[PDB]
Structure formats: structure tokens, C-alpha cells
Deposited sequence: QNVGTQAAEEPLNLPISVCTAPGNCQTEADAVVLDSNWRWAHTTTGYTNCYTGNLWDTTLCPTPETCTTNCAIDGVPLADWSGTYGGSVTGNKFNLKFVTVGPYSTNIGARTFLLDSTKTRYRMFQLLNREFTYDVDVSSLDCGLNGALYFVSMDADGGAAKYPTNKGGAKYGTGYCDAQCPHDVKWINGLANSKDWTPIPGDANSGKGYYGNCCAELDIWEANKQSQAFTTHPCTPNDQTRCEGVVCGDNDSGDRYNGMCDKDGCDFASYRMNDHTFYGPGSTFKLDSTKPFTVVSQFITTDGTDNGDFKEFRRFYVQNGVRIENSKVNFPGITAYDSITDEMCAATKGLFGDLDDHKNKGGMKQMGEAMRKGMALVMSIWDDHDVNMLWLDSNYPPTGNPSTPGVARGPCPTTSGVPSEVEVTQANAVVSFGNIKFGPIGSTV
């Protein structure tokens, strides 16, 4: 995309901590940038929309190349962050409102480095990543997500010279779902064969998808939470078409370059329904804030080893809370993501181990070694109504069959039109982000 001249781009300042030992950290003066999908797209030498509602203008965008020549994405000024997009920062806390009323629904954002010209790339192997979260106002159907993806640090600017904005304009998004709803891919409008998504007034799908590796630290609302590894072959940003995208709609979910299911550790799905929930007698009380700690263990305990284990623990009101465990007869009580856990649990659930097909923890680790961009988002789910996270999936499945039940939400929950009314004022908060060696962040 070209860059427009109507509004300066002003990312929100967000300090994080880089740590060397427990309680010995230094501030890193980073910032938050809005994903290019949420930006106004208009004519390069005017005010005329190139995209309105869920459609590209066919006169301006008869082809992707012409669209890209004629159109530009514009900046987010400071005033518009809260007023238009529902984003705000107080000290080291970042807040994202779900619906902001001209009416904005959801948000996806990235962490910029201290220069505000590149994404802050995190080399996560043999490191610990930690943050405080509040998901108390997110119920069934919503997801306040924090995760990493194998985006380029410059959003693709060096690879795709028609991308003028780079990381500064939140470009280059890709993930392990190979999404077609990304409006700008490889420096070009994804306007070919663009199709609105029914019941989604703001979104559509273009000819291409954009694939890359994804490490989900946090997919969650107050009812259920998960962390998940998604390797791809290769891991780096890859525009896809046809079978390579692994499109759900053509029966290709397991035929593409990315592991779409991922290998998940989701406490409720692993059959501990009392670990996490909205109340003081759950082990971890989702009505109150808490700290989420993630440790990425290698084979030799060094930065050069292969990724072998994703460990997790929590801190809430000064109380250390170890992760829940897998709880099925004849299955080891795993409390972390490893290749063995993935094989054993997917075996039990009858899920295809595409994680293993894509190179497993080792391949996931190669993405983490090269460095990944931090994503913070809030969203509802127009495909599957978040049932995969917090309900029975498939909805018609027996909840006593291992793998089906992922949370207590009813199978009628999560319809975007309903959650966008009922949960309009939901806000996820991510704060006090800390990064360092294992054992350094609490």
C-alpha cells in the first residue's frame, strides 16, 4: 500500500520491561500500531474511499495492481485511538475496547520497537515472556488474544516495494490460519475476487491468504483459555492461493502449508473444568487480573538448542499457580506443550497431528529463533462463533468424548451480531509486559 497524507500516524507509547534477574529490569520504550486492515483506504491524490463497508470500489480497483496504484492507507492520530478504535494506554497497561461507536468492531495491534519504524522482534527460545491481563469483561463468544507471528520486522517493505508504510502502518499481517480477510498482502491490495463475509458489515475475503508460523500465548475470555503452537512449512510470511492456504471451505484444512489446529494446551479441554473460571473458588479467578508467565525451554538450555517445551504458570494476588494438567485415564498428566503431549492428546481426541507433519516443536522453535512480532487483539468469530475455544466443538459432539468440550459456554453462544450488542463494552487489558531469561520476570 501507498501511504496517505490525510492523517499522521501516531502509535500509542507502551513501555515494557527487559529483565536480567528477578526484580532487576529496565524499561524499553516501545509502542503499539494498528493493523492496516482497520485503516481508511482512499485515493492517493484525494478523499475518495477505495474500500467502504465490506467492498472495494470496482472503478478504482478493477485489478489489484490498479487498486494499489490508485489507493493509499492513512494514519491513526492520537485522538482517534480511543475515539474511533477503542485503544488506550495508561502507564504500562494497554486497553482494547471491543466495540467503539463510525462503529468499529474488534482490533488487532502490533508492538513497535523504540524507533517506531520496525516491529519489536522477540527471539523467544530459552526466554520467558510475561504480562498481566484482565479478561473479566469478556464472556462467551469473545477472545482477547496475545500471540506471536512470523511477520517481517518491516512488514514486508524490503520484499515488496509497493508497501510504502511497512511496520509503521501495521502492514504484513500473516498467521497460521492463512487468512484471506487481510486487505493488503505482498504490498498489493488483496482485491481480486473479493467477497463480503455475510453478516460482517466490515470484512471480506480476497483471492490470496497470508501464511506464517504462530505462537499463541493467550486465546481467552473469562470462561476458557488456551495456549497453542502453530508451525508452518516454511515458517516465514508466505502469500498463498489454492491448496497451499489450507482453506476450510474447500476441505483443505490439513492440506496447506500451516498447522491450523495447532497443538493446544487448554485447561478445560484437557479435562480440568475447575482450574480457570469467573469466581473466587476456581484456582485462577478470571474476574480479577492475573499474571501469565510463559517459558520456552530448549533441548540444551541454550539459545542454540531446539524448542522442546512451552511451560506455563500464573501469579494472582501474589499467589503462584502452576499450570493445570491433562486429566484422562491412561494419559500422562502433562502440564506443558511438548511433541509427546501433542501426539498423546491428539491420539486420544482423534485429531490429525498436523503439528507433527509440519515439523513439530523443532519447527515452531525455528520461527521463534528468527524472531516473531507481538500481536494484541480483541475479536469475535464469524466462522465458528468461538465454540472451538469455549464450548463444545463440534456443537453436535458428545461433551463426554475427550476433545469435544472446551468450555461451559452454550453452543448457541458467540453469534457475532449478538455478542456485538451484549458485549459492546468488553475491554481486554494487557500490561506490565516483561521479557528476559527463564526465572527473571517475577
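- Mapping the modelled residues onto the deposited sequence reveals one missing stretch, at 102 to 104.
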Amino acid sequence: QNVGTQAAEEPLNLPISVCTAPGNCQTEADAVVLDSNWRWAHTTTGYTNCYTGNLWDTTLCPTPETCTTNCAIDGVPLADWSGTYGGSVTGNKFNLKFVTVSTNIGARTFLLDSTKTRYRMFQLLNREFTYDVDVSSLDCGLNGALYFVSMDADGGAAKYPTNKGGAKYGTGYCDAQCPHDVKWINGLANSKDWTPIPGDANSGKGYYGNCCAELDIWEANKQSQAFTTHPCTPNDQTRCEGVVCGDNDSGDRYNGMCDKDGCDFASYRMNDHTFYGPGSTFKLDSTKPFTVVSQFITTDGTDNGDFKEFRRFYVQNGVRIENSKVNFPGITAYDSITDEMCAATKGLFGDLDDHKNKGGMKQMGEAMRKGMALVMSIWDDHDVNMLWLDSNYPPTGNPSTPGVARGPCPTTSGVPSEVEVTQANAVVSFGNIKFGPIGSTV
From here on, numbers count along this sequence of modelled residues.
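- Averaged over CA atoms, B-factors in the entry run higher in 5 to 13 than in the other of 428 to 436 and 5 to 13.
- Stretch comparison (235 to 243 versus 196 to 204) by mean CA B-factor in the PDB entry places 196 to 204 on top.
- Set against one another, the Cα B-factors of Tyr47, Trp379, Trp388, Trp38 in the record reach their highest point at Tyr47.
- Between the residues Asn317, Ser324, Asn186, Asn143, it is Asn317 that shows the highest Cα B-factor in the PDB record.
- Ranked by C-alpha B-factor against the other modelled residues of its chain, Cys263 falls in the lowest third.
- Split the chain's modelled residues into thirds by C-alpha temperature factor. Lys356 is in the middle one.
- Among the modelled residues of the chain, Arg269 sits in the lowest third by CA temperature factor in this PDB entry.
- Placement of the Cα temperature factor of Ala31 within the chain: middle third of the modelled residues, per the deposited record.
- Residue-level temperature factors show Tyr119 in the middle third of its chain, judged at the C-alpha atom.
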